[PDB]
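Same protein, same chain, two forms; see structure 1 and structure 2 below, as structure tokens.
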Structure 1
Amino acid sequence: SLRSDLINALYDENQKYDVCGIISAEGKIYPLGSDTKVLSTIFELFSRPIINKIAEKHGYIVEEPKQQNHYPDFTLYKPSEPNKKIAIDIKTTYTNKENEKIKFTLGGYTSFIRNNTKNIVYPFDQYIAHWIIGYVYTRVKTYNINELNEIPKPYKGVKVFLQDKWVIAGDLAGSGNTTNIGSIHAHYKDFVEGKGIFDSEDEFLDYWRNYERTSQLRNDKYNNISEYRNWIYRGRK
């Protein structure tokens, strides 16, 4: 399927290559640093061609944002069906020891999920799927092309997975002032297998559309999945 093939291509290309730097028209090569700002940029760029090709095999079109700060990284769809869109977002995080617990920031919880047309390419309801391509990496002179093998890398053991956002979503925020949804805090395996805490995508969306911004307000409402469900049981009170 579009999805099986997408995961297949990503895992293959990744388990194969390694980006080692940026290159100028003149042929000079600048190495990379081990900050997630760099690696994020790198991993997003490394994925766009693959996404494009797979999207093409399945007759989908691929569109990116025209203005920045608008979700998602890639919007796929078929013209003959402009309402069943797929949202693909590439998220990155790191690890020092291999197979350690990781967590991702999964997007704002006061934007497009609350206001159908807020900071999003297309109105929220036009998408039927929200996929996250997560990358996990381990943190470890200009150059000539003929040197492409000696340039050192600021990363190791790069792992990647694709999973539906709601599935790997957690019940705790990923950020404070930037009010981001936090993912589950787990091993790479649970992400692949989709061992999340929500039962449905409606449960996911409800919990975050009502999540209070601060622990003080949440202390009155709910601070976690257990209290959310109790909150529901009582009649949202």
Structure 2
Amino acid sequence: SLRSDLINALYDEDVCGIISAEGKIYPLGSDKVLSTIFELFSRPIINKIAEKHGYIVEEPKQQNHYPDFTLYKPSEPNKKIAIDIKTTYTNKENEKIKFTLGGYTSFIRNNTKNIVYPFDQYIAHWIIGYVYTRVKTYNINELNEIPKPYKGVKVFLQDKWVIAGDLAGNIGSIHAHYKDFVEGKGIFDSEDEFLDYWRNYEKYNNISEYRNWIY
């Protein structure tokens, strides 16, 4: 399916510079650079698989809008798919990581603000997350010498709600191991609870407190 096809496609496919018209190459570092770098690398793959399955892939005009990519069949435009790309680092392999997942006051509460199509028109909300391990000019022959800002990069594709948390970072994600984002191990029980919790966030400061309140 578009999804299985997409995660395996992502799992397959190490950027190390910015190349100029005159051939010169400039190294990156961590200084919103790596995030934009991982979003760029993502465009092609997304285009490739959507197309293979007949999906239109839209990006937003007024940039600050959710979502990074909206995918839908023309036969079914009420079933749009939303893909947001998130990036995080980690200073130690196998140590808990977390992401930010955007606004909880815009579209989630207004259905139309800061989102491309109205919120109701999207059936699923996927997050593609990059977890990179934290680590003058050059010619095309120096590629292996140009110092990279990381020593590895992992990626998962998952549902926004399944990995959302109960605290602002903008919503934060759960504070867990890469493994738990892949495996889908979160705190919310359903998407409804995830959205009830975030549409009503001002009574409650965390999940436990949220549930006593709903009782």
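Superpose the two forms; the largest set of C-alphas matching within 1.5 Å is the rigid core. Every residue number counts along structure 1's sequence, beginning with 1.
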Here the CA of residue 29, compared between structures 1 and 2 on the core, is shifted in angstrom by 1.3
Taking the rigid core as reference, the Cα of residue 150 travels between structures 1 and 2 a distance in Å of 2.2
Core-superposed C-alpha displacement of residue 65 between structures 1 and 2, in angstrom, equals 0.2
